[PDB]
There are 6 protein chains.
Amino acid sequence: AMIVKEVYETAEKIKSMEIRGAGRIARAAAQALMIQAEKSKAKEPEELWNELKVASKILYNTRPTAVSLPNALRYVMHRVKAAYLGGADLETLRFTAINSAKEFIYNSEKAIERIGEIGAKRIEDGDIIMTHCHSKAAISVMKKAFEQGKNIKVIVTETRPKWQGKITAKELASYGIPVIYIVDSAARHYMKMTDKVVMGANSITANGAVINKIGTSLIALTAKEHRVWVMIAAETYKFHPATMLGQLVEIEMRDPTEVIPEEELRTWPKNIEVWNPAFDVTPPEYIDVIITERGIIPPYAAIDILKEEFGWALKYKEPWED
Amino acid sequence: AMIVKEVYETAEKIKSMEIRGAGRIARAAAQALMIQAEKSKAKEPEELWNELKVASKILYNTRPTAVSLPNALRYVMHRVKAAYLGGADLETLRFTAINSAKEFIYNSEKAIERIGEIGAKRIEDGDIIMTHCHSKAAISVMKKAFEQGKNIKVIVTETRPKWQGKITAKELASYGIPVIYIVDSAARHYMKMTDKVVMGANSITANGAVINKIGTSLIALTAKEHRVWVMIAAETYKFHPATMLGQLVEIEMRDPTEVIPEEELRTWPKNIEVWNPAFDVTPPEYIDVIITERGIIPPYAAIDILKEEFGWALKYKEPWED
Amino acid sequence: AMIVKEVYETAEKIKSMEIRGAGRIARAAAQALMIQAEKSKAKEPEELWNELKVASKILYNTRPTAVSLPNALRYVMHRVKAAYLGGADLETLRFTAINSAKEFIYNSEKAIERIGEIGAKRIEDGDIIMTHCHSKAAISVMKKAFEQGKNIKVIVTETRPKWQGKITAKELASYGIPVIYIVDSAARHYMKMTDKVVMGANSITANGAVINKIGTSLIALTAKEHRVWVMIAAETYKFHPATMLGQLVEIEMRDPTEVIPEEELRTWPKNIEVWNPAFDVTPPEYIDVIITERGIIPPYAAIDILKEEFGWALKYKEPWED
Amino acid sequence: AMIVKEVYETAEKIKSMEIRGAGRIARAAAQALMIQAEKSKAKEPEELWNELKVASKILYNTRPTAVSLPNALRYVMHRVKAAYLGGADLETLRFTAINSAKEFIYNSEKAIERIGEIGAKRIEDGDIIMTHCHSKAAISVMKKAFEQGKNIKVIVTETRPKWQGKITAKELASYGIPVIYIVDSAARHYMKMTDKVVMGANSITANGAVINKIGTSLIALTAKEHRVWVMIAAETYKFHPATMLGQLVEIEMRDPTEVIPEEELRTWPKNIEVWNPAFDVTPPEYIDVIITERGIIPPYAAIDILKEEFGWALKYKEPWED
Amino acid sequence: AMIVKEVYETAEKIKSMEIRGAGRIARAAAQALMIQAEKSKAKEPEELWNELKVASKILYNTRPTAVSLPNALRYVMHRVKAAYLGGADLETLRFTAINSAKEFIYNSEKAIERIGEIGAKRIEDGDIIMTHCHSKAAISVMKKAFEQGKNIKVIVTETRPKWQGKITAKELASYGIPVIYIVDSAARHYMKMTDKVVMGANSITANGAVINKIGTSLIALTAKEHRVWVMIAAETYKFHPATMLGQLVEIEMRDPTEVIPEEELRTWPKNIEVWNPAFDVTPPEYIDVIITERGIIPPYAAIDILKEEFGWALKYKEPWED
Amino acid sequence: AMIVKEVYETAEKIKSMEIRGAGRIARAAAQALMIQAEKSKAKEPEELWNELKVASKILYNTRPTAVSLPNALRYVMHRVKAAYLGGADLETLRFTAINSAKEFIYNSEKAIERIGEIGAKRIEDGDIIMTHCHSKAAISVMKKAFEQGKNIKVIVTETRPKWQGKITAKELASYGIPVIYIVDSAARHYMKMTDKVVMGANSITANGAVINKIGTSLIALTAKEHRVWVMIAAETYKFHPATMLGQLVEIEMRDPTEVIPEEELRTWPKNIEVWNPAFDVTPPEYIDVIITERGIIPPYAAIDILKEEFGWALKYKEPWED
Ligand SMILES: O=P(O)(O)OC[C@H]1O[C@H](OP(=O)(O)O)[C@H](O)[C@@H]1O
Ligand SMILES: O=P(O)(O)OC[C@H]1O[C@H](OP(=O)(O)O)[C@H](O)[C@@H]1O
Ligand SMILES: O=P(O)(O)OC[C@H]1O[C@H](OP(=O)(O)O)[C@H](O)[C@@H]1O
Ligand SMILES: O=P(O)(O)OC[C@H]1O[C@H](OP(=O)(O)O)[C@H](O)[C@@H]1O
Ligand SMILES: O=P(O)(O)OC[C@H]1O[C@H](OP(=O)(O)O)[C@H](O)[C@@H]1O
Ligand SMILES: O=P(O)(O)OC[C@H]1O[C@H](OP(=O)(O)O)[C@H](O)[C@@H]1O
Ligand SMILES: [Cl-]
Ligand SMILES: [Cl-]
Ligand SMILES: [Cl-]
Ligand SMILES: [Cl-]
Ligand SMILES: [Cl-]
Ligand SMILES: [Cl-]
Ligand SMILES: [K+]
Ligand SMILES: [K+]
């Protein structure tokens, strides 16, 4: 199959986290399919179909935990597969991939904006907000509250080992928002002064559990301890269909060298193992609301988002499997 | 007063944390007073007394949170003061300073060994133990358990910002103990597999609260959530006399460049502030036992350790005050 | 612009709490619109439409916290607006107003009676029930259980500052129900002897939170503490549509002279402020069920009441807006 | 009515628990109605209808707690009733009873297999699973997990007074699964080593409460204390329609001689009473998921299973009532 | 038998709550014994002894719940009794009564002032403090913190039924302290903004439980809920010796007309009963410290206050008994 | 060493649980030493000393978990050892053993009575009390409350696998106390109607934990859940000195045949293991008071009982070790 360099490059950058953030990697994967379809030299629809299946698989095998990625792939590929199977000729199949890809990307952008608008209404003037990692959905919320003239301040946790909190701090400061920057260990110490916790998600399960950057569950735990609202900002495509039928979400284990750099780590004795999970699981008892582009829900309503929008696909195999 | 160079160097090295760990700095403070008295060229008792008073103030004004330091200074100087007020001559005042200091150091050392023998009886073969920062008292426990032939493994949290966890990981591994190194954020995620948590202390208050390295209270919180025993290995000189009469323990705020290196921080926007608390407060509800060199106590027995060993001094001014 | 005196006097009575209780004020707003329409001297549809809009705004601007009042105005005005926009003539518009009003009013009465029947089934012979304030929906439950022959006693809390508890004590006693009357402060002391807690609601949010008379949340908290069932009796029009898109519910602050009479308060010094919140927020974790005219639900299905009945309307502006 | 012998024998055998387990008795009840219709010597539709009505009452008055039984009877008799009221002739009424019953039995069987496939995805290699009583739905899960090659061990609680745990221990062991048998009292003691708890259900209520074998709520409580996942494997026909409109589930009180054998009890003093509740109530807070043949749900989604499959019948009388 | 009118009128005033507050009523009982002794017309030791015994019984039988009152009578009477039994003459006995009284009175004043000083050290600049009722010991803390220049505000709960909150609001405002006055029901709504809770005590038991004005326990509960410090300010003579040997503390039930004035209550029907408990019980789990004149203790060291100061006396009968 | 048959027989009966109950086995062990000393044919003190050491070891090696046993042995043997070592002749050594044994036995009887008197004061008229196993200390409490004329009723759990609850039921009924008898699984179900939980102890540790019959920890857990007082009735000799220095208490694992009788168990396949722990650990957070013969303490004061009465012996080896 003649896979274009952009598919390989997108995949390499997902894997390396040069491109990162759950929504962003899903957009990048839709983009990569778009580009495969645009540049394809396929002459028959079967051949293009085969390229899009192979590209889809390469992109799926990058990072496991964030379901946004497979959900993007499926959005495009369910539509591509129904067209190929319904007889579409080459150019109709091509357009179906391109246009489906574009709709995913545009829907992602609008969803993040609307999550901002909805979540911002829950932020009040004077609020100290704590956040974790770098989530564009959570940021959209903070950014909009500040645009509305609420004087907020945000406690940003540094978020080891990849330091995504540095991204968040600089970003929020560039909008005019003051930031207090702390190490992850200090989240309980500062939870007394916090009014709200606003974080994002990689995958949300059928029972309401949120899988998000390593340490999220700790911040949620002590927020609950303190009666501080935990709000999770998350697009519908963050919801995980396979968990409706019992599937466990895989937690990505990333290279030990993100924790201890290579040159240091290679001097350490062999009876030290460095373990580097990229996510943890926050149970729904520690989440007050999830803010989707369709509104505020209790986390227990995750199953409804899943039923009404993804359940249908579960009797069928993946729309890229041959 | 003619303060010797070793007093100034010890003070600087406590301040910079080139010498750190609550028991160690307390021994170093006693050791500094020892050297002042050894080397003093005083010829009157009054002169040496005044030197030791000034030295004591220099040493006390280094780091505020660990009461181990003022307790060491008190141990030497209650004895020095009483000899002086009872009319000791120069050589008798001198020997009293030098010998009180050697006593403190020796008792510290024995206390740590003993804490280890006691706490190790609580550790069971097959145990996975989580720790935090680098506490000689907590290490004493684990090391003794390993030497008893218990096949243990220790999960070492990196302990941002100063990375004391690397000291711990390499020290335990060099004793032959298997280590799992993780970031602080991952403590909840790995609390299910943990059997025991063993951590140290800087100060322990009358109501049974434990002031220890930033992040301690989080680890304890989730250990309690998961019913994992929290054990705090701590010498009786970690107990904080002044909290008996209402005093709050100052939490040390250290330099922002410990979090974000100077070269990076100078480039960051002015509306970002970096907060770097060196300690937090773990309430007694999240502590199962305190292991002193006198035995296992519930945390609410802290007031008894204080009543029996320190209460009598509270009537008086500090033994270095004019 | 030509608004009948009945609208003005209903408004004044809602505002002064001469007419109170969330259901009742909602019925009174419908009643007021009904009377504007019956008595209007308008000659074109336009004029009547402008009167109903204006009258609705007046009624809306009385008390903010109970969503029943705007849900009643919406019930009428959606229907009036649709008729008006579909070119309805004057008597068609008038009667759409009158009839819609009557319909809300009759459904309110029936909903309250049906909540009685459903809720009474959870009451058991010998039950001691605690309640708070004076809620017709909670009272419907208690009255029905007693009419079924269950020997219950009701602990009535006095409900400062407006003493609604007195209304409830006398009302329940009038039906032959034995009453125990206590101050609000005594709710914990008597929670051990309580078998069920039954209270009303002013607004219920998308995430399952209940906004009800100041003090409800304390009762619910110690109820949950003691594993006593907390049941909230509430018509579907107590559910709050705007909270689906992030709106916060405003807590009415009423006159401090309801707390300290004017004659006494004028004598007090300026450095005492009296704060008089009329409602508090009870989180869903401390509510076992809501009893609506459609059934028993967990507090987390509030969002399904909203989606199924009100969600459609969030697309559009309030039906009384221009 | 000429009720056949198999109806009476099935009723007696449900009463005595020679046939027990909530799914099994439901199938046996359907199977009894099947045999009544097969063997009936009725010649009018009216006559067979009246037989099936009487049979249904006999079967329903056996054990009250497991709603699986009346749900089975409803499944057959809604269909029988509608055929009769629509003027079915004898053979058409007959086949409708026999075929509705075969459908119920088949769907039950498939539902259990499916619950097993789904729940098994939640079980992980190395898992220690605790169970209670003898639930075919819970066993389906464990058995499928074992057949997937997951090396599991099951802790089986003896389940006094009727000792259903011995049935479970021998059944699991005969599939090749390692078993640890303990007394019910030892469930807390062994909850630290347990990874997962998997139990069945007799009835599940609108608010998400689970009524299952006496002791269930205790096991769930301590599983929650210890953060051990509680999974309730339960077919949709375990969900209890009438709780939607307020009904409480009767807890069956069985004979004291199940606890203390007659030969011993007759010798005991008159001021000792033996209480033998066959079930308790586990609140939804102590349940992580319910595994239905339609998927994993949070317990608060019980109201949705009821709304979508059973709500419509609540308007009508039982389909066996005059 | 010859009891001076001062004893009778002190008793009547204690009983009617014209003299109230646990410390104050204790000082007034001592004062009453002092005056019996100064004014006695007895001529033998025997006669004075019989008067002091009788006068003590009268004073004891006023209000039951605050142990301060019997601890004051014991302070005097142990000393009088020992003197009398060691053959003291008339003026030796008289003066032992008078002097012992004066001594209790002076120590009470000093204890309250010392609690102020110790407790103020836990108050911090900017603190919002919630309190309940009117406790001189809690007020001592708040007043001292303000005198130290800390800018505090105090939330004062009204404390139905006797409105002690009004005494406290006016008193605190008189010292220049800003006050916020709320109904008791509003304590949860305002707990988020509260930094510390500071309340008094009537009796403290061997296990650490605090008996204080009706409603204290609800405040402490939601304080603990919100991780707000709960501090109890209480002299050593609030500790209850008889609870060491299992005694329960009696909860005074006062006249229902304190709740509903007579003029209104006579009009109410017989089937409403008004219950008026003057105190509730706060378990030690919801108290962080007790502040006594001897220091800060965890609530679980109440038993050590008792053993060290009162335990000796449990051997013998009350010193006023025959 | 010439060990009398009574020592061997006492040991056999301890091991078999023909003699059982923590206090009773300690009395029986003191008795066995008494009898060895009375019947000894020793001619020199060294020879008698050697017999008493050997008997002590035989009795120590019966059952591990209840510390009452070693504490009895030590009470006698500390005194025997001080006499042998201080030169006592044969007959003085003999008398020292006999008389020390008698003092232990008499002190045990008085302690149980006094625990009754003290605990009974905490029981109120109308109380429903739940208990577990058969504890003479807990029974003394119930028996005395009933003798005082309190109308109590006791819920007795059957206590698998040895059925000690049958002993308790019959015993309490023989005093006139009504009993409700339940299986252990039903303790949560009936905790709503319970006022108090009163249980005994085998060993109480330095941190306040209570080791008691298997299932105790479960009853305590749900009692705490329900705000039902947990009272532990326990003699000072139930307190475990070695835990002061870190020792873990061994949990006795008894024969599987107590759970499943031999003839049944031998037909079961080898991949079923029966596990039969005789005790569990109840953490001090689930105990409100321990009632000793010296009074009511919080469980956290266990360390005080240990310090003041047993600490002294810990620098020395066991008084029977050679
Ligand atoms: O979609 P948005 O809201 O941007 O991010 C959601 C989440 O994705 C990120 O994962 P990673 O950094 O790619 O591993 C973080 O966990 C973050 O909270
Ligand atoms: O005395 P040891 O047990 O060695 O250590 C006690 C504690 O002192 C250290 O503080 P820092 O590194 O000096 O700030 C850590 O907080 C450690 O837990
Ligand atoms: O609709 P019903 O059940 O009568 O009352 C519901 C609630 O409305 C009342 O508010 P207010 O007295 O009007 O402020 C109380 O808060 C009461 O619980
Ligand atoms: O339907 P399945 O999953 O087999 O069992 C469900 C439940 O029914 C049984 O009740 P009983 O033994 O009939 O009283 C047990 O409580 C079991 O958990
Ligand atoms: O001793 P001080 O600190 O003043 O008061 C202690 C307590 O006594 C008062 O009781 P009451 O008003 O006499 O019933 C209140 O309960 C107050 O908290
Ligand atoms: O000393 P008393 O109060 O009688 O009993 C205390 C405890 O000893 C018993 O152990 P076992 O039955 O010998 O194993 C039970 O666990 C009981 O609660
Ligand atoms: Cl998962
Ligand atoms: Cl502090
Ligand atoms: Cl809100
Ligand atoms: Cl129910
Ligand atoms: Cl009490
Ligand atoms: Cl132990
Ligand atoms: K664990
Ligand atoms: K576990």
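Residues numbered from 1 in each chain as written, not as in the entry; some residues may be left out. Chains lettered and ligands numbered in written order. Heavy atoms only, no water.

The deposited coordinates, according to the entry record, derive from X-ray crystallography at 2.2100 Å resolution.

Enquirer: Explain the coordination of the potassium ion (ligand 14) to me, please; I cannot follow it from the model alone.
Expert: Geometry reference: four tetrahedral donors at a metal, ideal angle 109.5 degrees. Six octahedral donors, ideal angles 90 or 180 degrees. Of the protein atoms, only D:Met191 (O), D:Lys192 (O) and D:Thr194 (O) coordinate the potassium ion (ligand 14), at distances of 2.7 to 2.9 Å. Judged by its relative accessible area of 62%, D:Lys192 falls in the exposed class. (Donors = N, O, S within 2.8 Å, 3.2 Å for Na, K, Ca; no water. Buried < 20%, exposed > 50% of the residue type's maximum accessible area, 1.4 Å probe, protein only.)

Enquirer: Any chance you could explain the site of ligand 2 here in plain terms?
Expert: Residues and elements named next belong to chain B. Taken together, 19 residues surround ligand 2, and among them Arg20, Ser135, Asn202, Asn212 and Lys213 come closest. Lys136 places a main-chain nitrogen or oxygen 2.7 Å from an oxygen atom of ligand 2. Measuring from an oxygen atom of ligand 2, one finds a side-chain N or O atom of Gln164 at 3.3 Å. Secondary-structure elements contributing two or more residues to the shell around ligand 2 are α2 (22-39), α6 (136-147) and β6 (210-213). (Near = heavy atom within 4 Å. Polar contact = N/O pair within 3.5 Å; in protein donor to acceptor, adjacent residues only side chain to side chain. Helix = DSSP H or I, 4+ residues; strand = E, 2+ residues; numbered from the N terminus.)

Enquirer: Can you walk me through the relation of the copies chain B and chain A in this structure?
Expert: The two chain copies are related to each other by a rotation about an axis together with a translation along it. Note on the identical chains: chain B maps onto chain A by a rotation of 180° and an axial translation of 0.0 Å, with an RMSD of 0.2 Å. Both copies are brought into coincidence by an operation consistent with a two-fold rotation axis. Mapped onto chain A, 100% of the interface residues of chain B are again interface residues, and the two copies thus contact each other with one and the same surface. (Least-squares fit on C-alpha atoms. Contact = heavy atoms within 4.5 Å.)

Enquirer: How do you make sense of the relation of the copies chain C and chain E when you look at a structure like this?
Expert: Screw-axis analysis of chain C against chain E gives a translation of 0.0 Å along the axis, an RMSD of 0.0 Å, and a rotation angle of 180°. When the interface residues of chain C are mapped onto chain E, 100% of them again fall at the interface, so both copies present the same face.

Enquirer: Which parts of the structure should I look at to understand the sheet that holds strand β10 (residues 289-292) of chain C?
Expert: In a beta sheet, neighbouring strands are held together by backbone hydrogen bonds and run either parallel or antiparallel to one another. With mixed pairing, the eight strands of this open sheet are ordered in space as β11(C)-β10(C)-β7(C)-β4(C)-β1(C)-β2(C)-β3(C)-β8(E). Edge positions in the open sheet fall to β11 (295-297) of chain C together with β8 (272-274) of chain E, since each of these has one partner strand only. Adjacent strand axes in the sheet meet at a mean angle of 25° when their direction is disregarded. Pairing between strand β4 (residues 196-199) of chain C and strand β7 (residues 229-233) of chain C: four bridges, direction parallel. Bridge pairing in β7(C) links C:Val198 to C:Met231. (Pairing = 2+ DSSP bridges. Axes fitted to C-alpha atoms, helices over the stretch in contact; angles between N-to-C directions.)

Enquirer: Looking at this model, I keep getting lost on unusual backbone geometry. Mind explaining?
Expert: Peptide bonds are, in most cases, trans, and in most cases residues other than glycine have a negative phi. With omega at 5°, the peptide bond leading from A:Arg160 into A:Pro161 counts as cis. Relative to the assigned elements, A:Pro161 resides in the loop between β2 (153-157) and α7 (164-174). The backbone of D:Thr159 shows a phi angle near 60°, a positive value even though the residue is not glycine. Here D:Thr159 shows up in the loop between β2 (153-157) and α7 (164-174). Residues other than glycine seldom take positive phi values, yet E:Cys133 does so here, at roughly 55°. Mapping E:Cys133 onto the fold places it in the loop between β1 (128-131) and α6 (136-147). Under the relative-accessibility criterion, E:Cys133 is labelled buried at 7%.

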